Amino acid sequence: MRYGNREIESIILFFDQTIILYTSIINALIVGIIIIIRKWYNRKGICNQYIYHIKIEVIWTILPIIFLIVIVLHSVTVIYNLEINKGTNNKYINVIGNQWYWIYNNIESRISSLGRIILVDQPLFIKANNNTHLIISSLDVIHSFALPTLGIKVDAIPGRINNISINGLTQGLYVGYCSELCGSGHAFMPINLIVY
Amino acid sequence: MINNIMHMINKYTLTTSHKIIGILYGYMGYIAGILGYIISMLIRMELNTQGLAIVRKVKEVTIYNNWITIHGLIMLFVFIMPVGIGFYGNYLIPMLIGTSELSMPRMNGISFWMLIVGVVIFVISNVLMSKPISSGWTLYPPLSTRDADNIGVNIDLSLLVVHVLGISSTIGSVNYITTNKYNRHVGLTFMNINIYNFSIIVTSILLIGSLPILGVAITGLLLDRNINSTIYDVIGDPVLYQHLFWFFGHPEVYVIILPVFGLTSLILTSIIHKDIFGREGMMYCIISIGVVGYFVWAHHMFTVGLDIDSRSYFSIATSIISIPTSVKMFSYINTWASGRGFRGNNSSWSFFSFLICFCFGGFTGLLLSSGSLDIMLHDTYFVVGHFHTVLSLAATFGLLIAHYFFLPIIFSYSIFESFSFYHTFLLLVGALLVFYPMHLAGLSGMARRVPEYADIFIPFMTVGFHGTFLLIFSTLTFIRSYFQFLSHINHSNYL
Amino acid sequence: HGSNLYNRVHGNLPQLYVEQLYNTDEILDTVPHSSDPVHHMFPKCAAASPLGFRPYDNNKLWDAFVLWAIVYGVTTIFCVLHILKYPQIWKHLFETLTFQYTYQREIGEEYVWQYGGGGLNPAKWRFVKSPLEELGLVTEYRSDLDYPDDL
Amino acid sequence: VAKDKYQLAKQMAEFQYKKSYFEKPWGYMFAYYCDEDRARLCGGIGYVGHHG
Amino acid sequence: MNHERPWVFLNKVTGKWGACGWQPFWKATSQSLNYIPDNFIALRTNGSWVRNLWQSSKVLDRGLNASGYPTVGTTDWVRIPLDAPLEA
Amino acid sequence: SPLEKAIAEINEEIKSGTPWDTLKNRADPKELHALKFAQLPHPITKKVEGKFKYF
Ligand code: HEA
Ligand code: HEA
Ligand SMILES: CCCCCCCCCCCCCCCCCC(=O)OC[C@H](COP(=O)([O-])OCC[N+](C)(C)C)OC(=O)CCCCCCCCCCCCCCCCC
Ligand SMILES: [Cu+2]
Ligand SMILES: [Cu+2]
Ligand SMILES: [Cu+2]
Ligand SMILES: [Mg+2]
């Protein structure tokens with residue numbers, strides 16, 4: 001099992017770290033709530049005076065903060081890691097999002113009947129391990145070039161030329177979507193990328 | 001009986017009494033909630049079955065798009081705000097500070113009837129007229145201006161509906177702030193008013209600051225559609241529209257949520273027979289959430305193409321906003337401790353559901369804050385899971401707490417606890433089956449606003465089917481319970 | 001409740017109630033009086049609860065209709081308007097919910113079935129045959145229905 | 001406040017009489033009032049017996 | 001509603017007694033806050049039948065010659081009303 | 001006090017017992033209810049019912 005890119009790997013590892021943190025917090029609160037509820041339902045541990053504790057409040061406000069700066073730093077570094085590979089390219093590809101089909105270098109790509117919703121008649125080809133620049137926009141309305149398995153999701157907005165850097169490591173076909181409401185045929189506007 | 005009929009009509013139209021306006025807001029809110037629920041059932045039936053089983057044609061998916069957009073608009077602007085803010089806000093705010101009426105009694109009636117005008121225009125536009133607005137609840141141009149399925153006038157009527165709702169909200173907000181600031185009885189300072197009043201004040205401050213921007217955005221859309229300008233065209237800035245709309249967008253979200261916090265705090269004081277743990281802490285956290293919500297608007301546009309520095313900044317600001325809500329959740333957990341909350345009360349169990357669901361939704365939404373990780377989750381079903389496990393499980397359950405706590409007080413008849421238990425528990429279980437799978441269908445790549453999906457995603461939609469049936473059962477139970485609430489016995493014999 | 005006009009006239013500034021013999025309702029637009037009756041929020045409920053009665057009785061047709069309109073009124077109005085304007089949507093819904101419509105189902109075939117556990121995973125799925133045609137209630141699938149061509 | 005011992009004895013005698021004739025009746029009446037309120041809020045009208 | 005006031009069955013040969021009356025009942029639903037139920041077993045009464053039953057219990061258990069009271073059908077049971085205390 | 005006298009008298013009285021403890025001849029309530037339904041006219045149908053009926 002390969003990863004298909006390094007940026008996707010970095011995003012996955014950041015996701016796993018956050019998942020671990022949140023699961024730990026959830027387990028702590030679950031134990032606390034279990035104790036509280038078990039005491040409550042049996043009519044035990046009553047104290048109308050216990051409506052303030054300065055130390056506890058200050059500590060429980062501070063603790064989330066220190067565990068959050070780490071997450072923020074990690075996220076910022078992941079963003080910049082996504083964006084560093086710009087400028088080290090040798091191939092340019094331009095992508096246009098038409099109304100319910102895509103265009104790559106003035107070649108149209110529409111859904112086919114061989115596959116239900118995933119396959120396309122004309123894929124988009126890029127070379128493995130070769131840094132490429134995608135210049136994406138749209139003609140009529142807003143679409144969204146979405147290949148989230150390679151860590152690419154960029155909106156194709158009319159009159160706005162977005163520029164993303166794409167890189168492939170695993171050879172094969174990646175299926176993606178429009179990921180933005182565009183009309184009636186939004187659900188039938190797939191994306192196919194072939195890394196060879 | 002002409003005099004009696006006209007007297008009733010004058011009672012419910014010329015009124016300025018805060019209690020009457022409050023009950024009217026509540027009624028309209030419940031009705032619009034039921035309508036939104038019906039449309040949601042239509043959407044779910046479209047998703048569950050394969051092969052465009054309801055619309056039957058790809059050309060006619062515009063019906064499904066219209067369904068989702070009106071579902072969103074109805075449930076946001078006419079269900080929660082009229083109920084959470086309009087109903088308890090008007091009914092309770094004057095009472096909790098010991099005064100007769102709100103300041104500006106007439107503007108209160110003007111607010112309610114502006115809301116009714118908006119509802120009427122919306123209902124006529126999107127039902128009796130053909131080819132309605134079908135551009136999602138976030139009316140993104142050029143889809144909502146330069147399209148083929150959005151050409152009729154009723155689209156412009158829906159935009160004007162948004163305008164009237166904004167006007168109504170601004171009037172209500174100004175009225176609430178003013179009444180809470182000067183009419184407090186002698187001996188009650190500004191920061192000693194109970195928790196609900198403070199949350200309403202901060203909510204009103206939120207609404208005042210952002211609605212004019214939404215008005216500017218909607219006027220831009222109307223001008224593009226009608227006088228054929230180019231603000232949001234291929235030579236315009238659809239991103240400018242997105243910036244303005246979402247500058248309004250997140251303040252609306254916190255406006256929705258905060259009054260639920262206030263109501264839950266008040267009801268807790270009433271049912272656990274103990275004061276709020278760290279009341280000053282909760283009030284300060286509420287105002288903090290209010291203030292921080294004005295600096296995070298662009299976390300809804302991480303894939304538009306924002307500058308890298310701005311992406312990092314908005315991830316930071318979203319985490320900042322995440323902090324004080326955690327403080328509030330801990331305060332709630334400690335408040336319930338040591339108390340004597342009723343062990344068999346739908347209010348108690350709805351509070352539990354509110355707490356759990358809000359914690360889970362807050363976590364899932366804190367994952368989405370990271371700009372990088374928002375690459376893989378923008379416009380998938382993860383976002384839908386997020387804002388439905390917050391809106392439809394934390395806001396809805398807070399309103400259920402208020403509903404089951406204030407029905408006896410308003411009407412003077414106790415509540416059928418077993419009936420309410422069936423309703424609330426089936427709503428909990430059914431809703432979890434509908435939205436929880438969405439989360440794992442978002443990490444798997446399923447986009448949103450699609451009536452037809454790839455075959456890889458069948459299991460999630462089967463669990464959703466199960467959840468939709470349970471939801472139908474729960475809502476029928478709820479409506480029949482309420483009808484039974486105001487109806488006298490039907491059987492009586494001798495034992 | 002009952003008017004307080006005798007007291008209002010015999011009160012302390014009767015000149016304020018001269019308007020009350022014009023076209024003017026007492027409860028809404030007359031100066032309140034020290035000895036006025038107390039007005040409640042839902043007078044029907046206020047008068048019925050202390051007698052042990054719920055405000056509405058189902059045995060009375062008028063009350064049954066009024067309560068139906070209060071609870072189910074706008075709901076059914078919206079449903080009726082929608083059905084009148086979109087007859088085909090409800091027709092298709094009825095067809096689907098009654099097993100009359102099958103997209104591309106065949107006879108004797110098996111179809112994949114999986115409840116949860118993430119996307120389609122071949123190590124978890126089952127395959128199901130239609131019990132309706134196993135029993136015999138179904139032999140052929142109707143084709144006169146609308147078909148989503150180009151999908 | 002009693003200052004010398006004689007005032008203490010006088011206050012003690014008065015308190016014993018008052019306890020026999022005024023304070024115990026008050027205690028029993030208040031206990032009956034609490035129980036009567038509990039019975040009033042019973043039978044499915046209020047939340048009596050849910051906690052406490 | 002207007003039914004009989006509570007009574008006392010008394011069986012002669014067995015010599016065994018017991019109170020009785022008509023219990024109204026209805027399908028359970030929400031209650032009313034502003035209403036304490038009136039006397040329903042003994043309608044339009046100050047509820048003295050409880051006191052009469054308590055006073056008469058010693059009389060009845062001790063053995064009462066109730067031959068001057070009406071019977072219930074063809075059985076051995078007779079009805080004693082609880083309108084006034086029973087002394088005999 | 002009169003309250004003390006009354007309390008002491010009641011305390012001494014309950015030592016003897018109460019009717020619920022001292023009464024020997026007393027029928028079960030189920031037998032009495034069955035006899036009521038089987039012999040006496042119903043206050044709604046104005047006739048004698050065999051047993052208990054909901055409607
Ligand atoms: C408060 C807002 C709110 C509420 C309550 C809901 C309630 C529900 N929503 Fe939705 N929803 C949105 C806000 C809301 N929603 C928004 C903003 C969108 C996006 C629109 C768009 O994408 O453009 C959306 C989109 C959306 C989709 C998008 C489909 C698609 O995009 O692919 C789906 C489908 O699964 C869905 C399902 C449901 C279901 C099944 C319910 C409910 O059935 C589940 C809970 C049901 C309840 C029972 C609530 C009903 C209330 C009453 C019962 C009133 C009674 C009184 C009280 C209890 C106070 N919603
Ligand atoms: C309804 C109310 C509501 C609330 C309260 C929130 C709360 C939050 N929301 Fe969201 N949100 C919506 C309603 C809400 N949201 C809606 C309706 C949409 C969709 C709009 C649409 O696209 O149509 C949306 C969409 C949305 C997105 C869009 C993602 C995408 O579109 O690209 C993002 C991502 O940044 C986001 C983030 C957050 C965050 C970070 C919080 C935070 O406030 C959550 C904070 C909560 C907590 C943190 C819980 C407390 C935690 C603990 C107990 C301690 C743990 C703390 C630490 C370790 C620090 N929300
Ligand atoms: C020891 C028995 C374990 C629990 C028995 C039931 C689950 C069977 C084995 C679970 C693992 C394999 C997944 C297949 C089935 C999962 C079903 C499910 O709920 O999936 C959702 C989710 C989908 O998530 P998931 O299954 O993808 O979990 C992640 C799994 N891995 C590790 C592979 C990534 O399943 C779970 O969360 C798993 C635990 C389910 C236990 C549910 C218990 C509570 C019941 C609530 C009411 C549900 C009504 C269903 C009625 C059906 C019968 C009448
Ligand atoms: Cu598209
Ligand atoms: Cu699209
Ligand atoms: Cu936001
Ligand atoms: Mg998008």
# chains A, B, ... in the order shown; residues from 1 in each chain; ligands from 1

$ residues_around --residues "residue 68 in chain E" --least-positions-apart "5" --cutoff "12 Å" --atoms "only C-alpha atoms" --output "PyMOL selection string"
chain E and resi 12+78-80+88

$ residues_near_ligand --ligand "ligand 1" --cutoff "6 Å" --atoms "only C-alpha atoms and all ligand atoms" --output "list in words"
residues 30, 33, 34, 37, 40, 43, 44, 68, 69, 72, 75, 76, 136, 137, 391, 392, 396, 399, 400, 431, 448, 449, 450 and 475 of chain B

$ write_last_selection --atoms "N, CA, C and O atoms" --output "mmCIF file, in the first residue's frame"
data_model
loop_
_atom_site.group_PDB
_atom_site.id
_atom_site.type_symbol
_atom_site.label_atom_id
_atom_site.label_comp_id
_atom_site.auth_asym_id
_atom_site.auth_seq_id
_atom_site.Cartn_x
_atom_site.Cartn_y
_atom_site.Cartn_z
ATOM 1 N N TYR B 30 -42.878 26.898 15.112
ATOM 2 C CA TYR B 30 -43.202 25.476 15.079
ATOM 3 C C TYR B 30 -43.763 25.069 13.722
ATOM 4 O O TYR B 30 -43.417 24.007 13.188
ATOM 5 N N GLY B 33 -40.983 24.879 11.299
ATOM 6 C CA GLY B 33 -40.200 23.693 11.578
ATOM 7 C C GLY B 33 -40.821 22.451 10.981
ATOM 8 O O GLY B 33 -40.127 21.615 10.404
ATOM 9 N N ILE B 34 -42.141 22.318 11.094
ATOM 10 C CA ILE B 34 -42.803 21.149 10.515
ATOM 11 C C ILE B 34 -42.673 21.158 8.995
ATOM 12 O O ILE B 34 -42.443 20.114 8.373
ATOM 13 N N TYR B 37 -39.347 20.084 8.053
ATOM 14 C CA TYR B 37 -39.221 18.649 8.266
ATOM 15 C C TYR B 37 -39.827 17.860 7.116
ATOM 16 O O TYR B 37 -39.278 16.832 6.704
ATOM 17 N N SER B 40 -37.471 17.965 4.315
ATOM 18 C CA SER B 40 -36.341 17.096 4.617
ATOM 19 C C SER B 40 -36.686 15.644 4.358
ATOM 20 O O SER B 40 -35.841 14.867 3.906
ATOM 21 N N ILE B 43 -36.327 15.083 0.702
ATOM 22 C CA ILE B 43 -34.919 14.951 0.326
ATOM 23 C C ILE B 43 -34.409 13.561 0.674
ATOM 24 O O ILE B 43 -33.753 12.895 -0.134
ATOM 25 N N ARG B 44 -34.701 13.104 1.887
ATOM 26 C CA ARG B 44 -34.219 11.799 2.313
ATOM 27 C C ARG B 44 -34.780 10.690 1.438
ATOM 28 O O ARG B 44 -34.060 9.753 1.080
ATOM 29 N N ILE B 68 -33.438 21.290 -1.424
ATOM 30 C CA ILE B 68 -32.371 21.516 -0.448
ATOM 31 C C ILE B 68 -32.277 22.995 -0.091
ATOM 32 O O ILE B 68 -32.113 23.351 1.083
ATOM 33 N N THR B 69 -32.381 23.885 -1.080
ATOM 34 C CA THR B 69 -32.257 25.300 -0.746
ATOM 35 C C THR B 69 -33.393 25.763 0.159
ATOM 36 O O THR B 69 -33.152 26.480 1.139
ATOM 37 N N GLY B 72 -32.932 24.405 3.726
ATOM 38 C CA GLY B 72 -31.965 25.179 4.485
ATOM 39 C C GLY B 72 -32.518 26.513 4.942
ATOM 40 O O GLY B 72 -32.420 26.868 6.117
ATOM 41 N N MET B 75 -35.405 26.160 7.580
ATOM 42 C CA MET B 75 -35.002 25.684 8.891
ATOM 43 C C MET B 75 -34.074 26.663 9.597
ATOM 44 O O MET B 75 -34.035 26.685 10.828
ATOM 45 N N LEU B 76 -33.323 27.478 8.862
ATOM 46 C CA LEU B 76 -32.447 28.423 9.543
ATOM 47 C C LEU B 76 -33.195 29.682 9.954
ATOM 48 O O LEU B 76 -33.189 30.057 11.129
ATOM 49 N N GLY B 136 -28.973 26.244 -3.687
ATOM 50 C CA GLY B 136 -28.438 26.001 -2.361
ATOM 51 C C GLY B 136 -28.733 27.155 -1.431
ATOM 52 O O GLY B 136 -29.015 28.255 -1.902
ATOM 53 N N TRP B 137 -28.675 26.943 -0.115
ATOM 54 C CA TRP B 137 -29.081 28.008 0.793
ATOM 55 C C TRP B 137 -28.085 29.152 0.806
ATOM 56 O O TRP B 137 -28.430 30.252 1.243
ATOM 57 N N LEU B 391 -26.870 21.657 14.717
ATOM 58 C CA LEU B 391 -28.164 22.322 14.581
ATOM 59 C C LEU B 391 -29.311 21.412 14.991
ATOM 60 O O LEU B 391 -30.187 21.811 15.762
ATOM 61 N N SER B 392 -29.342 20.199 14.467
ATOM 62 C CA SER B 392 -30.495 19.333 14.628
ATOM 63 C C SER B 392 -30.390 18.409 15.830
ATOM 64 O O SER B 392 -31.282 17.582 16.029
ATOM 65 N N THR B 396 -31.884 21.798 18.444
ATOM 66 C CA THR B 396 -33.214 21.209 18.546
ATOM 67 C C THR B 396 -33.481 20.678 19.947
ATOM 68 O O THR B 396 -34.582 20.843 20.478
ATOM 69 N N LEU B 399 -34.147 23.457 22.460
ATOM 70 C CA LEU B 399 -35.518 23.910 22.315
ATOM 71 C C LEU B 399 -36.505 22.879 22.837
ATOM 72 O O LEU B 399 -37.576 23.249 23.310
ATOM 73 N N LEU B 400 -36.171 21.591 22.777
ATOM 74 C CA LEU B 400 -37.036 20.595 23.400
ATOM 75 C C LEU B 400 -37.030 20.732 24.916
ATOM 76 O O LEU B 400 -38.067 20.559 25.564
ATOM 77 N N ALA B 431 -32.169 10.315 14.596
ATOM 78 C CA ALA B 431 -31.292 11.352 14.068
ATOM 79 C C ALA B 431 -29.843 10.885 14.031
ATOM 80 O O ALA B 431 -29.131 11.132 13.053
ATOM 81 N N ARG B 448 -21.509 16.673 -1.520
ATOM 82 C CA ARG B 448 -22.825 17.035 -1.022
ATOM 83 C C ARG B 448 -23.641 17.703 -2.121
ATOM 84 O O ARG B 448 -23.120 18.107 -3.160
ATOM 85 N N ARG B 449 -24.943 17.823 -1.871
ATOM 86 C CA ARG B 449 -25.873 18.404 -2.835
ATOM 87 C C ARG B 449 -25.927 17.575 -4.113
ATOM 88 O O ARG B 449 -26.001 18.110 -5.219
ATOM 89 N N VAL B 450 -25.891 16.258 -3.958
ATOM 90 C CA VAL B 450 -25.994 15.316 -5.063
ATOM 91 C C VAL B 450 -27.216 14.442 -4.811
ATOM 92 O O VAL B 450 -27.319 13.822 -3.751
ATOM 93 N N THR B 475 -41.547 12.210 14.749
ATOM 94 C CA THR B 475 -42.267 13.462 14.537
ATOM 95 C C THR B 475 -43.774 13.253 14.593
ATOM 96 O O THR B 475 -44.505 14.112 15.108
#

$ closest_atom_pairs --of "chain D" --to "chain E" --cutoff "12 Å" --atoms "only C-alpha atoms" --output "tab-separated table"
residue	atom	partner	partner_atom	distance
D:39	CA	E:36	CA	10.6
D:40	CA	E:36	CA	7.8
D:41	CA	E:33	CA	8.8
D:42	CA	E:36	CA	10.4
D:43	CA	E:31	CA	9.0
D:44	CA	E:31	CA	6.8
D:45	CA	E:31	CA	5.8
D:46	CA	E:33	CA	8.2
D:47	CA	E:33	CA	11.9

$ write_last_selection --atoms "N, CA and C atoms" --output "mmCIF file, in the first residue's frame"
data_model
loop_
_atom_site.group_PDB
_atom_site.id
_atom_site.type_symbol
_atom_site.label_atom_id
_atom_site.label_comp_id
_atom_site.auth_asym_id
_atom_site.auth_seq_id
_atom_site.Cartn_x
_atom_site.Cartn_y
_atom_site.Cartn_z
ATOM 1 N N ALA D 39 -48.237 16.326 49.259
ATOM 2 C CA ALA D 39 -49.433 15.631 48.791
ATOM 3 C C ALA D 39 -50.137 16.417 47.696
ATOM 4 N N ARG D 40 -50.114 17.744 47.782
ATOM 5 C CA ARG D 40 -50.729 18.565 46.747
ATOM 6 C C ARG D 40 -50.030 18.379 45.412
ATOM 7 N N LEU D 41 -48.699 18.285 45.421
ATOM 8 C CA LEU D 41 -47.930 18.135 44.190
ATOM 9 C C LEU D 41 -47.715 16.681 43.801
ATOM 10 N N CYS D 42 -48.610 15.793 44.192
ATOM 11 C CA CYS D 42 -48.480 14.368 43.944
ATOM 12 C C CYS D 42 -49.536 13.925 42.941
ATOM 13 N N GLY D 43 -49.592 12.620 42.696
ATOM 14 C CA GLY D 43 -50.638 12.068 41.860
ATOM 15 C C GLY D 43 -50.485 12.337 40.384
ATOM 16 N N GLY D 44 -49.316 12.782 39.946
ATOM 17 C CA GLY D 44 -49.080 13.065 38.551
ATOM 18 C C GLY D 44 -49.164 14.520 38.160
ATOM 19 N N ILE D 45 -49.304 15.431 39.117
ATOM 20 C CA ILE D 45 -49.381 16.854 38.809
ATOM 21 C C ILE D 45 -47.999 17.484 38.775
ATOM 22 N N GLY D 46 -47.171 17.196 39.777
ATOM 23 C CA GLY D 46 -45.848 17.762 39.884
ATOM 24 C C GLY D 46 -44.776 16.690 39.933
ATOM 25 N N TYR D 47 -43.550 17.144 40.169
ATOM 26 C CA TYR D 47 -42.400 16.252 40.223
ATOM 27 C C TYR D 47 -42.049 15.946 41.676
#

$ select_by_dssp --residues "range 30-77 of chain E" --states "helix (DSSP H, G or I)" --output "MDAnalysis selection string"
chainID E and resid 49:62

$ residues_near_ligand --ligand "ligand 4" --cutoff "9 Å" --atoms "only C-alpha atoms and all ligand atoms" --output "list in words"
residues 97, 98, 99, 100, 101, 102, 141, 142, 143, 144, 145, 177, 178, 179, 180, 181, 182, 183, 185, 186, 187, 188, 189 and 190 of chain A
